[PDB]
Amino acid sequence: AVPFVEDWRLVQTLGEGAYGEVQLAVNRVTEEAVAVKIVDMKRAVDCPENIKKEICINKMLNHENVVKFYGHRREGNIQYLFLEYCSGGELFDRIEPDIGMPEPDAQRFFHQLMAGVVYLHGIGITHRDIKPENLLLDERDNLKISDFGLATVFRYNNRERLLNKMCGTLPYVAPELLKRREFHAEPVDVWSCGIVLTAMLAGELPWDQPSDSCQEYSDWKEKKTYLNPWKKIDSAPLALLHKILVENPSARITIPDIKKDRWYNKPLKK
């Protein structure tokens, strides 16, 4: 019932897109911090339906490793989405280029990523753009999956549909997305998590594109793990990566079997 600025002090722009902006807002009376996605509803004709879907999906989310959705408001043709603020920023900025991060930190983060992704898959949601730039850290360095702008429901009441839409970010996309006209959602998300783990352990992406026409991807398929990034990765997490970055999605490891992996369950001294 009050103009936005009267209840909220805007502190900083967290990010911007064709969508609009994401801002850090502090409540003037409670002093609580919130991220606010701001969407100009007049940009593009598909804006109402896309934001309807995103709001619905965000209403489904309730997990400690997924950005929480507090609610939505609209002023004129401006739509606000109020979201949990993650003051630690992007997981991307914890990855030292060509180095990565200490193996116990990468294991902890990977545990939290797996918890969030398997939660999403359990309720039938696929995120479809998992990468370190979309994985945020709260003030205690707990990981949170963020930005469900590309997400959709692939399964409900044990009825699953195959996806066909080309989306994501090439270094993180699974090869079947390039090769097949239709594909299951869950192996695609598992593949992108494996790329994220590679980046955390080695500080670099293994290939620009998951294609035979990419030399580094062919090297991986030829098991040339004396090359970077694999040379930087201890053999236990590398064995996990060998099970995840499997080209054939029907032979790719699932998350239940990732939970049984030896490195995944190894206590790591910091």
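Start at 1 and count along the sequence shown; that's the residue number.
Undergrad: Higher average CA B factor in the deposited record is what I'm after, so tell me if that's 117 to 125 or 79 to 87.
TA: Of 79 to 87 and 117 to 125, the stretch with the higher C-alpha B-factor average is 79 to 87.
Undergrad: Comparing 193 to 201 with 133 to 141, where is the mean C-alpha B-factor higher?
TA: For C-alpha atoms only, the mean B-factor is higher in 133 to 141.
Undergrad: Could you tell me which one of 72, 94, 184, 155 shows the highest CA temperature factor in the PDB record?
TA: Within the set 72, 94, 184, 155, 72 shows the top C-alpha B-factor.
Undergrad: If you compare 173, 150, 166, 106, which has the highest Cα B-factor in the entry?
TA: That would be 166, according to the entry.
Undergrad: Give the position of residue 261 by CA B-factor within its chain, expressed as the lowest, middle or highest third.
TA: Within its chain, residue 261 is a lowest-third residue by C-alpha B-factor, going by the deposited values.
Undergrad: What third of its chain, lowest, middle or highest, does the C-alpha temperature factor of residue 22 fall into?
TA: Tercile = middle for this residue's CA B-factor.
Undergrad: Residue 47's Cα B-factor: lowest, middle or highest third of the chain?
TA: Its C-alpha B-factor, which the entry lists for residue 47, ranks in the highest third among residues of this chain.
Undergrad: Compare the C-alpha B factor of residue 255 with those of the other modelled residues in its chain, then answer lowest, middle or highest third.
TA: Within its chain, residue 255 is a lowest-third residue by C-alpha B-factor, going by the deposited values.
Undergrad: Consider only the C-alpha atoms of the modelled residues in this chain, order them by B-factor as the entry records it, and name the third containing residue 159: lowest, middle or highest.
TA: Tercile = middle for this residue's CA B-factor.
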